[PDB]
file input-v4.cif (mmCIF, C-alpha atoms and all ligand atoms)
data_entry
#
loop_
_atom_site.label_atom_id
_atom_site.label_comp_id
_atom_site.auth_asym_id
_atom_site.auth_seq_id
_atom_site.Cartn_x
_atom_site.Cartn_y
_atom_site.Cartn_z
CA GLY A 1 -24.88 -25.77 31.63
CA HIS A 2 -24.92 -28.92 29.48
CA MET A 3 -21.32 -29.72 30.40
CA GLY A 4 -19.81 -29.70 33.84
CA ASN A 5 -16.34 -28.33 34.52
CA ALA A 6 -14.47 -31.52 33.57
CA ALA A 7 -16.28 -32.00 30.27
CA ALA A 8 -16.05 -28.33 29.28
CA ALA A 9 -12.30 -28.10 29.86
CA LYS A 10 -11.83 -31.38 27.99
CA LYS A 11 -13.72 -29.94 25.03
CA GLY A 12 -11.67 -26.72 24.98
CA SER A 13 -8.34 -28.59 25.03
CA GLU A 14 -9.77 -30.72 22.22
CA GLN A 15 -10.43 -27.52 20.23
CA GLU A 16 -6.86 -26.26 20.65
CA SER A 17 -5.57 -29.66 19.53
CA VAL A 18 -7.69 -29.45 16.38
CA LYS A 19 -6.16 -26.05 15.56
CA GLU A 20 -2.69 -27.53 16.06
CA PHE A 21 -3.41 -30.50 13.82
CA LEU A 22 -4.87 -28.37 11.05
CA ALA A 23 -1.97 -25.95 11.13
CA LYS A 24 0.47 -28.82 10.56
CA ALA A 25 -1.83 -30.30 7.91
CA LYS A 26 -1.80 -27.00 6.02
CA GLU A 27 1.99 -26.81 6.11
CA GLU A 28 2.22 -30.35 4.68
CA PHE A 29 -0.44 -29.72 2.02
CA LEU A 30 1.17 -26.52 0.77
CA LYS A 31 4.56 -28.18 0.33
CA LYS A 32 2.94 -30.77 -1.96
CA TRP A 33 0.59 -28.25 -3.64
CA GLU A 34 3.50 -26.01 -4.71
CA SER A 35 5.98 -28.82 -5.54
CA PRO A 36 4.07 -31.69 -7.23
CA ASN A 39 4.06 -38.88 -15.44
CA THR A 40 4.77 -41.41 -12.69
CA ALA A 41 3.89 -44.44 -14.91
CA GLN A 42 2.52 -45.46 -18.31
CA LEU A 43 -0.39 -47.52 -19.58
CA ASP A 44 1.53 -50.65 -20.56
CA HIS A 45 2.70 -51.02 -16.94
CA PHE A 46 -0.72 -52.35 -15.95
CA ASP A 47 -2.95 -55.27 -16.86
CA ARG A 48 -6.56 -54.14 -17.12
CA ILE A 49 -8.95 -56.48 -15.30
CA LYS A 50 -12.52 -55.18 -14.93
CA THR A 51 -14.55 -51.98 -15.04
CA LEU A 52 -15.49 -50.86 -11.51
CA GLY A 53 -17.63 -47.89 -12.45
CA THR A 54 -18.42 -45.40 -15.17
CA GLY A 55 -18.91 -41.66 -15.48
CA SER A 56 -19.19 -38.87 -18.03
CA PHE A 57 -15.59 -38.74 -19.29
CA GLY A 58 -14.79 -42.45 -19.04
CA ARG A 59 -14.47 -45.37 -16.69
CA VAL A 60 -12.64 -46.66 -13.65
CA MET A 61 -11.00 -50.05 -14.02
CA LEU A 62 -9.37 -52.46 -11.67
CA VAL A 63 -5.81 -52.84 -12.95
CA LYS A 64 -2.84 -54.89 -11.81
CA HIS A 65 0.63 -53.35 -11.89
CA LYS A 66 2.78 -55.79 -13.84
CA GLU A 67 6.03 -55.30 -11.90
CA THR A 68 4.76 -55.32 -8.30
CA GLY A 69 1.46 -57.18 -8.71
CA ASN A 70 -0.35 -54.51 -6.70
CA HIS A 71 -3.94 -53.74 -7.65
CA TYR A 72 -5.17 -50.22 -8.34
CA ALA A 73 -8.27 -48.40 -9.55
CA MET A 74 -7.39 -46.56 -12.76
CA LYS A 75 -9.65 -43.71 -13.82
CA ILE A 76 -9.44 -43.20 -17.60
CA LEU A 77 -10.68 -39.88 -19.02
CA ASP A 78 -11.06 -39.39 -22.77
CA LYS A 79 -9.42 -36.03 -23.49
CA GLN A 80 -11.78 -35.16 -26.32
CA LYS A 81 -14.81 -35.93 -24.13
CA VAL A 82 -13.33 -33.57 -21.56
CA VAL A 83 -14.68 -31.02 -24.06
CA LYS A 84 -16.61 -28.65 -21.79
CA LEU A 85 -14.56 -25.70 -20.56
CA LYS A 86 -15.28 -26.47 -16.92
CA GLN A 87 -14.40 -30.11 -17.67
CA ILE A 88 -10.71 -29.26 -18.37
CA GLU A 89 -10.13 -27.07 -15.28
CA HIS A 90 -11.96 -29.59 -13.12
CA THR A 91 -9.74 -32.45 -14.26
CA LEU A 92 -6.65 -30.40 -13.41
CA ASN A 93 -8.16 -29.55 -10.00
CA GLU A 94 -8.78 -33.22 -9.30
CA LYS A 95 -5.22 -34.35 -10.03
CA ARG A 96 -3.56 -31.47 -8.21
CA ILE A 97 -5.72 -31.81 -5.09
CA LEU A 98 -5.42 -35.59 -4.90
CA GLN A 99 -1.63 -35.43 -5.21
CA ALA A 100 -1.42 -32.95 -2.29
CA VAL A 101 -3.95 -34.14 0.33
CA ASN A 102 -3.35 -36.75 3.02
CA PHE A 103 -6.13 -37.92 5.33
CA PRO A 104 -7.28 -41.38 6.46
CA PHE A 105 -10.66 -41.17 4.73
CA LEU A 106 -9.44 -39.86 1.35
CA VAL A 107 -8.45 -42.19 -1.47
CA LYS A 108 -4.70 -42.20 -2.18
CA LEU A 109 -3.54 -41.29 -5.68
CA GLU A 110 -0.47 -43.30 -6.69
CA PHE A 111 0.20 -42.40 -10.33
CA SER A 112 -1.04 -40.04 -12.99
CA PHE A 113 -0.12 -39.85 -16.67
CA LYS A 114 -1.52 -39.10 -20.12
CA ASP A 115 -1.20 -40.36 -23.67
CA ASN A 116 -2.47 -39.31 -27.09
CA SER A 117 -6.09 -40.04 -26.19
CA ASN A 118 -6.59 -40.22 -22.44
CA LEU A 119 -5.76 -38.89 -19.00
CA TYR A 120 -5.14 -41.49 -16.29
CA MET A 121 -5.32 -41.31 -12.49
CA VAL A 122 -4.30 -44.46 -10.65
CA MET A 123 -5.59 -44.79 -7.08
CA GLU A 124 -5.34 -47.39 -4.35
CA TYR A 125 -7.97 -50.08 -4.91
CA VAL A 126 -10.61 -50.09 -2.14
CA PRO A 127 -12.22 -53.53 -2.45
CA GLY A 128 -15.22 -53.26 -0.16
CA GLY A 129 -17.47 -51.56 -2.72
CA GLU A 130 -19.43 -48.33 -2.77
CA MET A 131 -21.64 -47.31 0.13
CA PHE A 132 -24.29 -46.86 -2.55
CA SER A 133 -24.75 -50.55 -3.32
CA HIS A 134 -24.63 -51.66 0.33
CA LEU A 135 -27.25 -49.02 1.21
CA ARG A 136 -29.53 -49.94 -1.68
CA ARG A 137 -29.20 -53.64 -0.81
CA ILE A 138 -29.99 -53.29 2.92
CA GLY A 139 -32.48 -50.44 2.51
CA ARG A 140 -31.34 -48.07 5.23
CA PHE A 141 -28.68 -47.91 7.93
CA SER A 142 -29.62 -47.67 11.61
CA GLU A 143 -28.76 -44.33 13.24
CA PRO A 144 -25.55 -45.58 14.94
CA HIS A 145 -24.36 -47.03 11.64
CA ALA A 146 -25.18 -43.83 9.72
CA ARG A 147 -23.49 -41.81 12.46
CA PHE A 148 -20.23 -43.80 12.18
CA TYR A 149 -20.02 -42.92 8.49
CA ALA A 150 -21.21 -39.33 8.98
CA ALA A 151 -18.48 -38.70 11.56
CA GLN A 152 -15.84 -39.62 9.01
CA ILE A 153 -17.33 -37.20 6.50
CA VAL A 154 -17.44 -34.41 9.12
CA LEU A 155 -13.74 -34.88 9.89
CA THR A 156 -12.85 -35.10 6.19
CA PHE A 157 -14.67 -31.85 5.44
CA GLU A 158 -13.09 -30.17 8.47
CA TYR A 159 -9.73 -31.15 6.96
CA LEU A 160 -10.54 -30.17 3.38
CA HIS A 161 -12.18 -26.87 4.27
CA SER A 162 -9.22 -25.86 6.45
CA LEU A 163 -7.16 -26.10 3.25
CA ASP A 164 -9.73 -23.91 1.43
CA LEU A 165 -10.88 -26.97 -0.52
CA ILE A 166 -14.53 -27.59 -1.32
CA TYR A 167 -15.51 -31.13 -2.30
CA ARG A 168 -18.82 -30.52 -4.16
CA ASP A 169 -19.88 -34.11 -4.96
CA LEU A 170 -20.81 -35.89 -1.72
CA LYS A 171 -23.10 -38.90 -2.30
CA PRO A 172 -23.01 -42.66 -1.48
CA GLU A 173 -21.72 -43.49 -4.96
CA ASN A 174 -18.46 -41.68 -4.09
CA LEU A 175 -17.88 -43.31 -0.67
CA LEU A 176 -15.93 -46.57 -0.77
CA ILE A 177 -15.85 -49.03 2.13
CA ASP A 178 -12.36 -50.29 3.00
CA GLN A 179 -11.27 -53.61 4.48
CA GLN A 180 -11.81 -52.27 8.02
CA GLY A 181 -15.30 -50.90 7.32
CA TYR A 182 -14.16 -47.27 7.17
CA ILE A 183 -14.83 -44.82 4.34
CA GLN A 184 -12.58 -43.64 1.55
CA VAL A 185 -13.90 -40.62 -0.37
CA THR A 186 -13.20 -40.83 -4.07
CA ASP A 187 -13.98 -38.77 -7.17
CA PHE A 188 -12.41 -35.33 -6.71
CA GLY A 189 -13.66 -34.23 -10.13
CA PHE A 190 -15.49 -31.23 -8.66
CA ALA A 191 -13.12 -30.43 -5.81
CA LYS A 192 -11.64 -26.94 -5.92
CA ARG A 193 -9.51 -24.53 -3.93
CA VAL A 194 -11.84 -21.60 -3.12
CA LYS A 195 -10.80 -18.86 -0.72
CA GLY A 196 -14.21 -17.23 -0.68
CA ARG A 197 -16.94 -17.89 -3.24
CA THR A 198 -17.13 -19.79 -6.51
CA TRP A 199 -19.73 -19.82 -9.28
CA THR A 200 -19.68 -23.09 -11.32
CA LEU A 201 -23.04 -24.83 -11.60
CA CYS A 202 -21.93 -28.40 -10.83
CA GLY A 203 -22.69 -31.37 -8.61
CA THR A 204 -25.33 -34.06 -8.46
CA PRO A 205 -28.99 -32.91 -8.47
CA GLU A 206 -30.24 -34.57 -5.28
CA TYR A 207 -27.24 -33.19 -3.33
CA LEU A 208 -27.15 -29.58 -4.62
CA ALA A 209 -27.55 -26.78 -2.13
CA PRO A 210 -30.22 -24.18 -3.02
CA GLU A 211 -27.65 -21.46 -3.64
CA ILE A 212 -26.06 -23.56 -6.41
CA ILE A 213 -29.42 -24.10 -8.11
CA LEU A 214 -30.23 -20.38 -7.83
CA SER A 215 -27.02 -19.36 -9.68
CA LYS A 216 -25.65 -17.55 -6.63
CA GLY A 217 -21.97 -17.46 -5.79
CA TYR A 218 -21.42 -19.98 -3.03
CA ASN A 219 -18.89 -21.28 -0.51
CA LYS A 220 -17.94 -24.39 1.48
CA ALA A 221 -21.39 -24.40 3.14
CA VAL A 222 -22.65 -26.34 0.11
CA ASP A 223 -20.69 -29.33 1.47
CA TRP A 224 -22.49 -29.08 4.82
CA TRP A 225 -25.86 -29.00 3.05
CA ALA A 226 -24.74 -32.10 1.14
CA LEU A 227 -23.82 -33.78 4.43
CA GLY A 228 -27.42 -33.26 5.54
CA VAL A 229 -28.65 -34.94 2.36
CA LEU A 230 -26.23 -37.84 2.89
CA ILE A 231 -27.16 -38.43 6.52
CA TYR A 232 -30.86 -38.32 5.60
CA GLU A 233 -30.35 -40.80 2.76
CA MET A 234 -28.25 -43.16 4.90
CA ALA A 235 -30.87 -43.18 7.67
CA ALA A 236 -34.00 -43.20 5.46
CA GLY A 237 -32.81 -45.13 2.39
CA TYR A 238 -33.76 -42.31 0.03
CA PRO A 239 -32.73 -38.65 -0.10
CA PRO A 240 -34.89 -35.76 1.15
CA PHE A 241 -35.55 -34.14 -2.26
CA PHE A 242 -36.64 -37.09 -4.37
CA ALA A 243 -38.20 -36.93 -7.83
CA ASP A 244 -37.80 -38.56 -11.22
CA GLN A 245 -36.49 -35.48 -13.09
CA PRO A 246 -33.79 -32.95 -12.09
CA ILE A 247 -36.09 -29.93 -12.53
CA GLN A 248 -38.54 -31.42 -10.02
CA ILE A 249 -35.68 -32.14 -7.62
CA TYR A 250 -34.49 -28.52 -7.89
CA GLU A 251 -37.97 -27.18 -7.09
CA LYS A 252 -38.13 -29.25 -3.89
CA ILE A 253 -34.64 -28.18 -2.77
CA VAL A 254 -35.35 -24.46 -3.10
CA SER A 255 -38.78 -24.68 -1.41
CA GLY A 256 -37.26 -24.96 2.07
CA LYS A 257 -39.46 -27.96 3.05
CA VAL A 258 -38.19 -31.30 4.37
CA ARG A 259 -40.25 -34.17 5.75
CA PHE A 260 -38.77 -36.95 7.83
CA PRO A 261 -39.57 -40.65 8.32
CA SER A 262 -41.43 -41.39 11.54
CA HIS A 263 -38.49 -43.56 12.71
CA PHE A 264 -35.98 -40.67 12.72
CA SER A 265 -35.01 -39.66 16.24
CA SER A 266 -35.72 -36.09 17.28
CA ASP A 267 -31.98 -35.52 17.70
CA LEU A 268 -31.44 -36.56 14.08
CA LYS A 269 -34.26 -34.34 12.81
CA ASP A 270 -32.83 -31.38 14.70
CA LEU A 271 -29.37 -31.87 13.18
CA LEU A 272 -30.86 -32.28 9.72
CA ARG A 273 -33.04 -29.16 9.98
CA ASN A 274 -29.88 -27.18 10.78
CA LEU A 275 -27.86 -28.69 7.88
CA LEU A 276 -30.69 -28.58 5.34
CA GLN A 277 -31.13 -24.90 6.11
CA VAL A 278 -31.72 -22.67 3.08
CA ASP A 279 -30.79 -19.53 5.04
CA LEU A 280 -26.98 -19.36 5.02
CA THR A 281 -26.98 -17.17 8.15
CA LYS A 282 -28.45 -20.18 10.00
CA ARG A 283 -26.84 -23.26 8.40
CA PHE A 284 -24.65 -25.37 10.64
CA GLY A 285 -21.07 -25.39 9.47
CA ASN A 286 -21.48 -21.80 8.31
CA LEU A 287 -21.78 -20.02 11.67
CA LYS A 288 -19.31 -18.39 14.03
CA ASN A 289 -18.54 -21.75 15.70
CA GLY A 290 -17.93 -23.44 12.36
CA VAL A 291 -17.74 -27.22 12.35
CA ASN A 292 -18.12 -27.36 16.14
CA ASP A 293 -21.86 -26.71 15.86
CA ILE A 294 -21.98 -30.07 14.09
CA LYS A 295 -19.42 -31.97 16.16
CA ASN A 296 -21.04 -30.87 19.44
CA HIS A 297 -24.61 -31.57 18.36
CA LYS A 298 -26.56 -34.02 20.52
CA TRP A 299 -26.83 -36.55 17.70
CA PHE A 300 -23.03 -36.90 17.82
CA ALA A 301 -22.80 -37.00 21.63
CA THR A 302 -21.60 -40.64 21.64
CA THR A 303 -18.99 -39.97 18.94
CA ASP A 304 -15.34 -40.07 20.00
CA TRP A 305 -13.92 -37.87 17.24
CA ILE A 306 -10.30 -38.75 17.96
CA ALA A 307 -11.08 -42.47 18.12
CA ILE A 308 -12.81 -42.28 14.72
CA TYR A 309 -9.79 -40.46 13.23
CA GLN A 310 -7.40 -42.99 14.75
CA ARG A 311 -9.67 -45.77 13.40
CA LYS A 312 -10.07 -47.24 16.92
CA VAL A 313 -13.86 -47.67 16.67
CA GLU A 314 -15.35 -51.01 15.67
CA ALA A 315 -17.04 -50.59 12.31
CA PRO A 316 -20.69 -51.61 11.94
CA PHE A 317 -20.03 -53.60 8.77
CA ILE A 318 -16.89 -55.32 7.45
CA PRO A 319 -17.09 -56.25 3.73
CA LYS A 320 -16.19 -59.79 2.72
CA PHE A 321 -12.92 -60.10 0.81
CA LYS A 322 -11.71 -63.20 -1.01
CA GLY A 323 -8.20 -61.98 -1.80
CA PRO A 324 -6.27 -59.35 -3.70
CA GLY A 325 -8.09 -58.16 -6.79
CA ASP A 326 -11.48 -59.48 -5.64
CA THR A 327 -14.27 -57.46 -7.30
CA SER A 328 -17.22 -59.28 -5.71
CA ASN A 329 -18.44 -56.12 -3.90
CA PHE A 330 -18.81 -54.12 -7.14
CA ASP A 331 -21.54 -54.18 -9.76
CA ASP A 332 -20.83 -55.13 -13.36
CA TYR A 333 -20.44 -52.70 -16.28
CA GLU A 334 -20.14 -53.02 -20.04
CA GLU A 335 -16.49 -53.44 -21.05
CA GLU A 336 -14.91 -51.50 -23.92
CA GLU A 337 -11.35 -51.76 -25.20
CA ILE A 338 -9.03 -48.83 -24.46
CA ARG A 339 -8.06 -47.45 -27.89
CA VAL A 340 -5.12 -45.04 -28.03
CA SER A 341 -4.98 -42.89 -31.17
CA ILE A 342 -1.77 -42.53 -33.14
CA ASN A 343 -2.25 -38.72 -33.06
CA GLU A 344 -2.05 -36.59 -29.94
CA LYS A 345 -5.43 -35.11 -29.02
CA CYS A 346 -5.90 -31.85 -27.13
CA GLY A 347 -2.20 -31.55 -26.29
CA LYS A 348 -2.25 -27.80 -25.66
CA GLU A 349 -5.34 -27.99 -23.44
CA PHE A 350 -3.73 -30.54 -21.05
CA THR A 351 -0.10 -29.35 -20.95
CA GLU A 352 -0.32 -28.96 -17.16
CA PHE A 353 -1.67 -32.47 -16.46
CA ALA B 3 -41.17 -41.81 -6.95
CA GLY B 4 -37.57 -40.79 -7.50
CA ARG B 5 -34.23 -41.92 -8.84
CA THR B 6 -33.07 -45.19 -7.30
CA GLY B 7 -30.04 -45.99 -9.46
CA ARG B 8 -26.63 -44.37 -9.58
CA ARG B 9 -26.79 -40.61 -10.09
CA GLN B 10 -24.47 -38.84 -12.50
CA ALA B 11 -22.90 -35.50 -11.79
CA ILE B 12 -23.85 -32.47 -13.86
CA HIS B 13 -21.25 -30.07 -15.21
CA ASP B 14 -23.92 -27.38 -15.80
CA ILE B 15 -27.32 -27.25 -14.04
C1 LIG C 1 -17.36 -44.13 -11.45
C2 LIG C 1 -16.22 -44.05 -10.51
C3 LIG C 1 -15.63 -44.92 -9.67
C4 LIG C 1 -14.55 -44.24 -9.03
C5 LIG C 1 -13.56 -44.74 -8.11
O1 LIG C 1 -12.61 -44.05 -7.80
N1 LIG C 1 -13.76 -46.00 -7.67
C6 LIG C 1 -12.88 -46.79 -6.90
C7 LIG C 1 -13.21 -48.09 -6.59
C8 LIG C 1 -12.30 -48.85 -5.88
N2 LIG C 1 -11.13 -48.37 -5.43
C9 LIG C 1 -10.84 -47.11 -5.73
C10 LIG C 1 -11.66 -46.28 -6.48
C11 LIG C 1 -14.56 -42.98 -9.52
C12 LIG C 1 -13.67 -41.79 -9.36
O2 LIG C 1 -15.58 -42.84 -10.42
#
call {"tool": "encode", "arguments": {"input": "input-v4.cif", "output": "structure tokens", "more": "lines below"}}
Ligand SMILES: Cc1cc(C(=O)Nc2ccncc2)c(C)o1
result
Amino acid sequence: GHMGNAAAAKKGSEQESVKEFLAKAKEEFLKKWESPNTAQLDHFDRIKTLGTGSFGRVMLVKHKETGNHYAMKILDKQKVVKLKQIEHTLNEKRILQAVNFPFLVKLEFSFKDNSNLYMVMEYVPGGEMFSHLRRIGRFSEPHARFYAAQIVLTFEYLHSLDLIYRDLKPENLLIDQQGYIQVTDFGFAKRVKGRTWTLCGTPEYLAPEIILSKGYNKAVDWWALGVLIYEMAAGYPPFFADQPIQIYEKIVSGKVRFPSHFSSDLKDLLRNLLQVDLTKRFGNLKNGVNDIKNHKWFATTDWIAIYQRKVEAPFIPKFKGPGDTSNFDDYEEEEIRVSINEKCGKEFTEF
Amino acid sequence: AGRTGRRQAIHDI
């Protein structure tokens, strides 16, 4: 076979150890999920906007008492107007307060006021993968593989908890001071025991079943991993057009073309992730995530060493000191105005 | 030709 006796027994023992880890991880998650206003706005000095989105902005803030820096996501309650907007914001808080994994951003505080919802996360100063990738063009295969391995392990963790992530893309992957990834933006994450039906995500990363208004499962995250690996290694995603409708048409077609510099191992992995037929998509088969982890493209990957952060990162961001924002792009700044009247109080009672 | 800047999520396709 491909493995001799020694390698095959090592892999099996590895599989039992994964089961053991995930069983303990589920016990710890459920305790936090079942038993979850840890600050207020005036406790922080607001420094700079780090990014923007539909419902608001993320700002670097400094906690006045401790001097620690954080990334504060501010959501305007009224702008969280869409029905699926409300439920999604509650999902995001509840999931982030219960998970614990080395490649997931850590939520430290959450609170609300008359106008806004706030989620205060650890500040990750190395910037988004997005801007590093756009600046350099593309990552070499070993570099892309180092990041992809972290996503594979993160999805193995999340999916074992019946959590789907639903917004993988370089914009949502922060680079930490050791060159490892922190996944942020859990705005579309959801606990799903079987299928779910919301039409949400980012166009370039949507699996065909989402676009086709079919109920779907955690396999959409594995499709998205294929898009991410392609984009990391090529510099552009596989379904690439100026308008969403054109993007959707390419995704559903079942056609992908690869740069001539992609290795055959990489193309094989990507053809099995970017598989329209759910009975054939890696991550969705009887062997689950192991079809991905045992693929030839990952043969040099020491999964435990990645998890333990023992592997030398391909790129270490420069850091000038606490609160340095040099690795982030600039955004228009707008003052945070808090109304004297409570907005949408009934809709956000649970937050 | 395709989108080269940051890509926003969609709440409804
Ligand atoms: C637009 C945006 C940026 C972020 C975000 O969390 N950034 C971030 C940056 C640095 N440290 C921690 C977090 C989100 C959710 O949306």
call {"tool": "axis_aligned_box", "arguments": {"input": "input-v4.cif", "around": "ligand LIG 1 (chain C)", "padding_each_side": "3 Å", "output": "lines of an AutoDock Vina configuration file"}}
result
center_x = -14.1
center_y = -45.3
center_z = -8.4
size_x = 12.5
size_y = 13.1
size_z = 12.0
call {"tool": "residues_near_point", "arguments": {"input": "input-v4.cif", "point": "(-25.9, -45.7, -8.3)", "cutoff": "9 Å", "atoms": "all atoms listed in the file", "output": "JSON, numbers by chain"}}
result
{"A": [130, 132, 133, 136, 172, 173], "B": [6, 7, 8, 9, 10]}
call {"tool": "residues_near_ligand", "arguments": {"input": "input-v4.cif", "ligand": "ligand LIG 1 (chain C)", "cutoff": "7 Å", "atoms": "all atoms listed in the file", "output": "short mmCIF file (atom, residue, chain, number, x, y, z; two decimals) with C-alpha atoms, in the frame of the given file"}}
result
data_model
loop_
_atom_site.label_atom_id
_atom_site.label_comp_id
_atom_site.auth_asym_id
_atom_site.auth_seq_id
_atom_site.Cartn_x
_atom_site.Cartn_y
_atom_site.Cartn_z
CA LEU A 52 -15.49 -50.86 -11.51
CA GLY A 53 -17.63 -47.89 -12.45
CA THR A 54 -18.42 -45.40 -15.17
CA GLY A 55 -18.91 -41.66 -15.48
CA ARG A 59 -14.47 -45.37 -16.69
CA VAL A 60 -12.64 -46.66 -13.65
CA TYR A 72 -5.17 -50.22 -8.34
CA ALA A 73 -8.27 -48.40 -9.55
CA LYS A 75 -9.65 -43.71 -13.82
CA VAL A 107 -8.45 -42.19 -1.47
CA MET A 123 -5.59 -44.79 -7.08
CA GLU A 124 -5.34 -47.39 -4.35
CA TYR A 125 -7.97 -50.08 -4.91
CA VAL A 126 -10.61 -50.09 -2.14
CA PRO A 127 -12.22 -53.53 -2.45
CA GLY A 129 -17.47 -51.56 -2.72
CA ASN A 174 -18.46 -41.68 -4.09
CA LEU A 176 -15.93 -46.57 -0.77
CA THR A 186 -13.20 -40.83 -4.07
CA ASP A 187 -13.98 -38.77 -7.17
#
call {"tool": "atom_distance", "arguments": {"input": "input-v4.cif", "atom1": "atom CA of residue A:47", "atom2": "atom CA of residue A:63"}}
result
5.4 Å
call {"tool": "closest_residue", "arguments": {"input": "input-v4.cif", "among": "A:182, A:242, A:224, A:250", "to": "residue A:154", "atoms": "all atoms listed in the file"}}
result
A:224
call {"tool": "interface_residues", "arguments": {"input": "input-v4.cif", "of": "chain B", "to": "chain A", "cutoff": "6 Å", "atoms": "all atoms listed in the file", "output": "JSON, numbers by chain"}}
result
{"B": [3, 4, 5, 11, 12, 13, 14, 15]}
call {"tool": "residues_around", "arguments": {"input": "input-v4.cif", "residues": "stretch 287-303 of chain A", "least_positions_apart": "5", "cutoff": "8 Å", "atoms": "all atoms listed in the file", "output": "ChimeraX atom specification"}}
result
/A:147-148,151,154,158,267-268,271,281-282,308
call {"tool": "atom_distance", "arguments": {"input": "input-v4.cif", "atom1": "atom CA of residue A:112", "atom2": "atom CA of residue A:39"}}
result
5.8 Å
call {"tool": "closest_residue", "arguments": {"input": "input-v4.cif", "among": "A:29, A:57, A:225, A:157", "to": "residue A:96", "atoms": "only C-alpha atoms"}}
result
A:29
call {"tool": "atom_distance", "arguments": {"input": "input-v4.cif", "atom1": "atom CA of residue A:327", "atom2": "atom CA of residue A:67"}}
result
20.9 Å
call {"tool": "residues_near_point", "arguments": {"input": "input-v4.cif", "point": "(-1.8, -31.9, 6.1)", "cutoff": "9 Å", "atoms": "all atoms listed in the file", "output": "PyMOL selection string"}}
result
chain A and resi 21-30+100-103+159+163
call {"tool": "build_atoms", "arguments": {"input": "input-v4.cif", "residues": "stretch 40-51 of chain A", "atoms": "N, CA, C and O atoms", "output": "PDB file, in the frame of the given file"}}
result
ATOM      1  N   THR A  40       4.159 -40.435 -13.584  1.00  0.00           N
ATOM      2  CA  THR A  40       4.770 -41.410 -12.690  1.00  0.00           C
ATOM      3  C   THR A  40       4.580 -42.863 -13.160  1.00  0.00           C
ATOM      4  O   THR A  40       4.909 -43.780 -12.401  1.00  0.00           O
ATOM      5  N   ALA A  41       4.063 -43.093 -14.368  1.00  0.00           N
ATOM      6  CA  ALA A  41       3.890 -44.440 -14.910  1.00  0.00           C
ATOM      7  C   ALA A  41       3.402 -44.312 -16.354  1.00  0.00           C
ATOM      8  O   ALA A  41       3.290 -43.207 -16.892  1.00  0.00           O
ATOM      9  N   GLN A  42       3.117 -45.454 -16.983  1.00  0.00           N
ATOM     10  CA  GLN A  42       2.520 -45.460 -18.310  1.00  0.00           C
ATOM     11  C   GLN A  42       1.568 -46.642 -18.434  1.00  0.00           C
ATOM     12  O   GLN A  42       1.572 -47.559 -17.611  1.00  0.00           O
ATOM     13  N   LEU A  43       0.752 -46.613 -19.490  1.00  0.00           N
ATOM     14  CA  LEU A  43      -0.390 -47.520 -19.580  1.00  0.00           C
ATOM     15  C   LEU A  43       0.055 -48.977 -19.619  1.00  0.00           C
ATOM     16  O   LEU A  43      -0.558 -49.838 -18.971  1.00  0.00           O
ATOM     17  N   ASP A  44       1.092 -49.278 -20.397  1.00  0.00           N
ATOM     18  CA  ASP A  44       1.530 -50.650 -20.560  1.00  0.00           C
ATOM     19  C   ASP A  44       2.136 -51.240 -19.293  1.00  0.00           C
ATOM     20  O   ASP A  44       2.549 -52.401 -19.319  1.00  0.00           O
ATOM     21  N   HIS A  45       2.232 -50.473 -18.205  1.00  0.00           N
ATOM     22  CA  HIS A  45       2.700 -51.020 -16.940  1.00  0.00           C
ATOM     23  C   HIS A  45       1.618 -51.775 -16.190  1.00  0.00           C
ATOM     24  O   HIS A  45       1.907 -52.364 -15.144  1.00  0.00           O
ATOM     25  N   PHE A  46       0.390 -51.777 -16.689  1.00  0.00           N
ATOM     26  CA  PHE A  46      -0.720 -52.350 -15.950  1.00  0.00           C
ATOM     27  C   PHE A  46      -1.476 -53.319 -16.845  1.00  0.00           C
ATOM     28  O   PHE A  46      -1.604 -53.094 -18.053  1.00  0.00           O
ATOM     29  N   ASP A  47      -1.948 -54.408 -16.247  1.00  0.00           N
ATOM     30  CA  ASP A  47      -2.950 -55.270 -16.860  1.00  0.00           C
ATOM     31  C   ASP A  47      -4.326 -54.776 -16.455  1.00  0.00           C
ATOM     32  O   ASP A  47      -4.575 -54.529 -15.272  1.00  0.00           O
ATOM     33  N   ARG A  48      -5.216 -54.613 -17.424  1.00  0.00           N
ATOM     34  CA  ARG A  48      -6.560 -54.140 -17.120  1.00  0.00           C
ATOM     35  C   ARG A  48      -7.474 -55.338 -16.893  1.00  0.00           C
ATOM     36  O   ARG A  48      -7.481 -56.280 -17.689  1.00  0.00           O
ATOM     37  N   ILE A  49      -8.207 -55.317 -15.780  1.00  0.00           N
ATOM     38  CA  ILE A  49      -8.950 -56.480 -15.300  1.00  0.00           C
ATOM     39  C   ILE A  49     -10.456 -56.328 -15.525  1.00  0.00           C
ATOM     40  O   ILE A  49     -11.084 -57.180 -16.150  1.00  0.00           O
ATOM     41  N   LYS A  50     -11.061 -55.277 -14.965  1.00  0.00           N
ATOM     42  CA  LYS A  50     -12.520 -55.180 -14.930  1.00  0.00           C
ATOM     43  C   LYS A  50     -12.905 -53.727 -14.691  1.00  0.00           C
ATOM     44  O   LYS A  50     -12.222 -53.001 -13.965  1.00  0.00           O
ATOM     45  N   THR A  51     -14.022 -53.317 -15.284  1.00  0.00           N
ATOM     46  CA  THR A  51     -14.550 -51.980 -15.040  1.00  0.00           C
ATOM     47  C   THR A  51     -15.282 -51.958 -13.693  1.00  0.00           C
ATOM     48  O   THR A  51     -16.152 -52.799 -13.430  1.00  0.00           O
TER      49      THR A  51
END
